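The residues making up each chain are set out below.
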Amino acid sequence: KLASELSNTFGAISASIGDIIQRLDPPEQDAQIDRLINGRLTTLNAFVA
Amino acid sequence: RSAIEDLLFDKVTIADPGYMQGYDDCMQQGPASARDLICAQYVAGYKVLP
Amino acid sequence: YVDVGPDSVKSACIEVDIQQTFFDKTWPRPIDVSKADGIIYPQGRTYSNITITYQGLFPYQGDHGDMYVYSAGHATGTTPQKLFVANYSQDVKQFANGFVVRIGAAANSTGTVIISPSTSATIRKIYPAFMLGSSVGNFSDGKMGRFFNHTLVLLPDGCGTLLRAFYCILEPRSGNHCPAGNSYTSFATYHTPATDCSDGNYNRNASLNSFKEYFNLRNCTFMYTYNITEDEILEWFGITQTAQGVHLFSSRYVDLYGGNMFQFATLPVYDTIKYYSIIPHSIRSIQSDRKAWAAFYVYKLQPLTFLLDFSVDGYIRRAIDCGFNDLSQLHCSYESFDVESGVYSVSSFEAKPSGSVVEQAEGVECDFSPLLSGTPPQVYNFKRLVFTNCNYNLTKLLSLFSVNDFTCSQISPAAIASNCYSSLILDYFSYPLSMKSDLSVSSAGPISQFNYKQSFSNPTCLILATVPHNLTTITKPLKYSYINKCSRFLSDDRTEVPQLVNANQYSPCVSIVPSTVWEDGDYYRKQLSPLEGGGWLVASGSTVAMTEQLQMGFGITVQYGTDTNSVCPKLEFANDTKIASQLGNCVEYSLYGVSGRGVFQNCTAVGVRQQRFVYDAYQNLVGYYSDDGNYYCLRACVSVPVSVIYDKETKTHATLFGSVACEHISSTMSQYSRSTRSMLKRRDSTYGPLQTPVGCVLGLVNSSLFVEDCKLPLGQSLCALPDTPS
Amino acid sequence: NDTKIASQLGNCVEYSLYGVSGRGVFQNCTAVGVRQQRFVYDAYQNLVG
């Protein structure tokens, strides 16, 4: 489950941070990354529980 | 161990544990046919404790 | 402007000689965060003896700083002579979000005179002087460090009891040994204690006058002064810049013993500081009367998180830089200065990947020459170019038109030029600037209702531009025009239903509408057959007057494929190294525009051929068929987990690298998991790594003891027995 | 021409301190450092005094 979630975009423009960085202007770049981070943190929380 | 325990272990399908070492079987210095999720933990930051 | 005081009298200046080789000293001062060295107190708040975590600008714990020492100048016999100084005037630094300093740190001790170091004079505190600004450059003699426009000036003046500060424009002087003169060497300032600093009248303008000797004040916009009293005890001070202007901090004003710095003052200036330098100074004192001065230190600020140990009197007494060590990380994880003993995981090594290689192209230059001629289409007549297999330089294409609007969505405007793709697609049309409110990917205008729509599954950009007068092969429409209606009447002649345009497709009404709209408000209709389901097709349009130079619009989109990614920017590969083999570290790569990072292996092949890229069930690349005829497998990369063994009873530690093997480990490493590992090195600088059945370790020593309860088991039969107990 | 409300000893009466505001009870007590930092706070940024 943790492995599959590494590919799980949350509606973020890409599942990869480096890919988001090379594709976006920084004002949008971190919006996409924040969205991606929140879902990744959420899978960790569920996992621990 | 025992004949029973070894029969059990052969019937069990679990992937081999690391720690001595199998790091080079994640790497190019080992078989190209490895498909272990055990080596994939290096990407995820996942750690298997001994 | 500001009342600067009197104009300097001499055009001439005292000669300045560079004596920098005399000034090397080995007195470095690392930050002791457990003494709260260099800590800036938080603004507007105080705390009880509870401890907290905080983030803000601080010096890095391991930084020993930059050190400078002020000295007496040339004097001989019974009189003052030349200004023998250090080469500090040439030391331009990039501003680094402020800095903090130690002043007087070597006080109540001894050192040397340096310029005449055999004297071995005792050392005393001297206040530093500084200059800051947005630009630097050469003096007319090619000398380093000239500042431009207005600059900050901070200097003690005469005795250390007076401090002055300015925001002014420097004025060069043409006299002998002065900045506009061609006999200039280097800027310096001086104090002459034989007549300066009388005990009945300290000379408050002494250093100002020697400053003015080389640079006349002109156009000064700010001035401030402050009152100070002497104290040989070490002082902390610092400067930062914010959107509220520059601010000054000192420990002297509030915390003489703890050393915490408080914001002593603020400045109105909003000019960004891009450069920083220390102003050289010298004492004019007589050769038998010389006095050595205490060393000065400076440390750059960084945005770091720290544990802070507040005292009940609110002074921070101890602190921990979270980033300094994995041990420090452990303390920050538990928000405390004493973590319970145990074995704990810490972050993994990054594995030092190799600089990039590529497999991009072969291909031909993208033929963008259709854009060079003819009349571009009315918006419902679009012409499209699609590129595959080719190399390009779009900035050369862009040079041919003047662009009055370049915007993009889902891609930076720079990245659409630099990314490699399966295709490059361009749509173009005539378009007056008068209509520009209706051209956006989100527009509700009739242009988007019936003439064009853009999908959001592909990144896109838009260009509005005009044609230069030297592009004579470009021609223009009699009027700009568009369709403002496209609907079908119901066969019963009352109800009617609109036909909105499909993304990236022509509207159906183009089949009845004329190639241009002949008159504003023209409309046409077509009866439809029973095979067509009946009704009447109806369409109409509008026009805009032609202009002296043609106005144009473009839509640009891209498509990412997998093995079809042959459109790329022209290669920069010339004058580089052979690719792609290294084998080697897990090198960064791009293959046909597919970015990634990883290590390859020259193994066999798996099917199926000509798909290039190979993938797993988790959408991760598995490998690639090289065009050298060998399949290469991709193993992406590996990392090394780290854990620590901490015995708080003795306050000692050791570490474990797990399955990495000691064949990949050495007494120092650079991959890296932490900026330093020196806390292990305190004992382990003298020992090789030791392999164990759980993993390679540092500092555990094979004693082969047998103990029934380790209190720090490593699993299996392994034991991390402590060194003999406290 | 006023009631002189600069302090109370006190009451949950709403307060404003140089633009900081809330409601609460005040009572003269020992001093804690750092003096002249005005607002003493806990780890959750609740004003202490």
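Counting starts from 1 on each chain and follows the sequence as written, independent of the entry's numbering; residues without coordinates are not shown. Here chains are named by letter from A upward and ligands by number from 1 upward, in the order in which they appear as written. Shown here is not the whole assembly but part of a larger one, and the values apply to the part shown. Only hydrogens and water are removed before side-chain values are computed, so all heavy atoms of the structure are retained for them.

- Under the annotation held in the PDB entry, chain C carries the name Spike glycoprotein and is attributed to Middle East respiratory syndrome-related coronavirus.
- UniProt positions are given in the numbering used here, feature names are shortened, and annotations may be inferred rather than shown by experiment. Among the UniProt annotations of chain C, the heading Subunit (unreviewed entry) holds the following wording: "Homotrimer; each monomer consists of a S1 and a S2 subunit. The resulting peplomers protrude from the virus surface as spikes."

- As annotated in the PDB entry, chain A carries the name Spike glycoprotein and comes from Middle East respiratory syndrome-related coronavirus.

Here's the deal with the overall build of chain C
Here comes step 1: Only DSSP runs of H or I with at least four residues qualify as helices, and only runs of E with at least two residues qualify as strands; both kinds are numbered from the N terminus onward. If you tally the helices and strands in chain C, you get six helices and 49 strands.
Here comes step 2: The quantity called the radius of gyration is restricted to C-alpha atoms. Its globule counterpart is 2.2 Å times the number of residues to the power 0.38. In terms of overall size, chain C is more extended than a compact globule, its C-alpha atoms giving a radius of gyration of 37 Å where 726 residues would be expected to give roughly 27 Å.
Here comes step 3: Seen through its principal axes, chain C has C-alpha atoms that stretch 115 × 85 × 55 Å.
Here comes step 4: Here chain C, with 726 residues, has 49% of them falling under the buried criterion. Note on exposure labels: buried denotes an accessible area under 20% of the residue type's maximum, exposed denotes more than 50%, and partly exposed covers the range between, all computed with a 1.4 Å probe on protein chains only.

Focus: a negative patch on the surface
Residues and elements named next belong to chain A.
Here comes step 1: Side chains of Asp25, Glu28, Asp30 and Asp34 sit close together on the surface and give a patch of like negative charge.
Here comes step 2: Within the element layout of this structure, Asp25 appears in the loop between α2 (17-23) and α3 (26-48).
Here comes step 3: Take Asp25: its relative accessible area is 36%, and that puts it in the partly exposed class. Residues qualify for a patch when their relative accessible area is over 30% and they have no salt bridge, like charges being joined within 9 Å and the nonpolar side chains of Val, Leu, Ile, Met, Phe, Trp and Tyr within 5 Å. What sets the accessible areas is the Shrake-Rupley method with a 1.4 Å probe; for residues, cover comes only from the shown protein chains. Salt bridge criterion: a side-chain nitrogen from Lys or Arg within 4 Å of a carboxyl oxygen from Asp or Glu. All tallies of charge rest on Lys and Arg as positive and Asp and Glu as negative; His and the ends of each chain are not included. The atom standing in for a charge is NZ when the residue is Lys, CZ when it is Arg, CG when it is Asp and CD when it is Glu.

Re the state of the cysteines
Simply put, disulfide is the name for a covalent bond between the sulfur atoms of two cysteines.
Residue and element names in this part refer to chain C.
Here comes step 1: Defined by distance alone, a disulfide is two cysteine sulfur atoms within 2.5 Å. Evaluated as defined, the whole model comprises 13 disulfides over all chains.
Here comes step 2: A sulfur-sulfur distance of 2.2 Å marks the disulfide that ties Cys366 to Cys390. Its S-S torsion of about 85 degrees marks the bond between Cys366 and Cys390 as right-handed, since a negative value means left-handed. Highlighted residues: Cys366 in the loop between β29 (364-365) and β30 (383-387) and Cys390 in strand β31 (residues 390-392), separated in sequence by 24 residues. Like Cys366, the residue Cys390 is buried in the burial classification.
Here comes step 3: Paired by a disulfide, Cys408 and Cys461 hold their sulfur atoms 2.0 Å apart. Torsion about the S-S bond of the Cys408 and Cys461 cystine: about 105 degrees, corresponding to right-handed handedness. On the criterion of sequence distance, the pair formed by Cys408 in strand β32 (residues 402-409) and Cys461 in strand β34 (residues 460-466) is long-range, its members being 53 residues apart.
Here comes step 4: Relative accessible area serves as the criterion here: at 21%, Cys408 is assigned to the partly exposed category.
Here comes step 5: You can call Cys461 buried: its relative accessible area is 1%.

Remarks on the side chain of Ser540(C)
All names here are of chain C.
Here comes step 1: Inspection of the secondary structure puts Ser540 in strand β38 (residues 536-545).
Here comes step 2: Think of a polar contact as two N or O atoms within 3.5 Å of one another; within protein, one of them needs to be a possible hydrogen donor and the other a possible acceptor, and neighboring residues in sequence only count if both atoms come from side chains. A distance of 2.5 Å separates a polar atom in the side chain of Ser540 from a polar atom in the side chain of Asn484.
Here comes step 3: Not counting residues within four places of it along the chain, the set of residues in contact with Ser540 comprises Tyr482, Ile483, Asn484, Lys485, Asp522 and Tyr523. Only heavy atoms matter for contacts: two residues are in contact if any of them lie within 4.5 Å across the pair.

Details of unusual backbone geometry
Here comes step 1: The amide bond that connects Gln671(C) to the next residue, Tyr672(C), takes the cis arrangement and shows omega of 0 degrees.
Here comes step 2: Here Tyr672(C) is to be found in the loop between β48 (652-656) and α6 (678-684).
Here comes step 3: Here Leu9(D) and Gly10(D) are connected by a cis peptide whose omega angle stands at 0 degrees.
Here comes step 4: Summarising the element assignment, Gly10(D) is placed in the segment before β1 (14-17).
Here comes step 5: Phi at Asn108(C) is positive, roughly 60 degrees, even though this residue is not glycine.
Here comes step 6: Following the sequence through the fold, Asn108(C) ends up in the loop between β9 (99-103) and β10 (109-110).
Here comes step 7: Residue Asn108(C) is classed as exposed on the basis of its relative accessible area, which comes to 59%.
Here comes step 8: Positive phi, normally seen in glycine, also occurs at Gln36(D), with a value near 70 degrees.

Here's the deal with the sheet that holds strand β43 (residues 600-601) of chain C
Here comes step 1: The strand order across the open sheet built from four strands is β43-β46-β45-β44 (chain C), with neighbouring strands paired in antiparallel fashion. Edge positions in the open sheet fall to β43 and β44 (613-615) of chain C, since each of these has one partner strand only. Strands were regarded as paired on the criterion that DSSP finds at least two bridges between them.

Some words on helix α2 (residues 326-333) of chain C
Each turn of an α-helix holds 3.6 residues, which means side chains three or four residues apart point in the same direction.
Residues and elements named next belong to chain C.
Here comes step 1: Of all eight residues making up α2, six are buried, and the element is well covered by its neighbours.
Here comes step 2: Residues of α2 that are buried in the fold lie against β25 (296-310), β26 (316-321), β27 (342-349), β47 (640-647) and α6.
Here comes step 3: One side-chain oxygen at the N-terminal end of α2 lies 3.0 Å from the backbone nitrogen of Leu327; it belongs to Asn325.
Here comes step 4: Within two residues after α2, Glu335 carries a phi angle of roughly 55 degrees, on the positive side.

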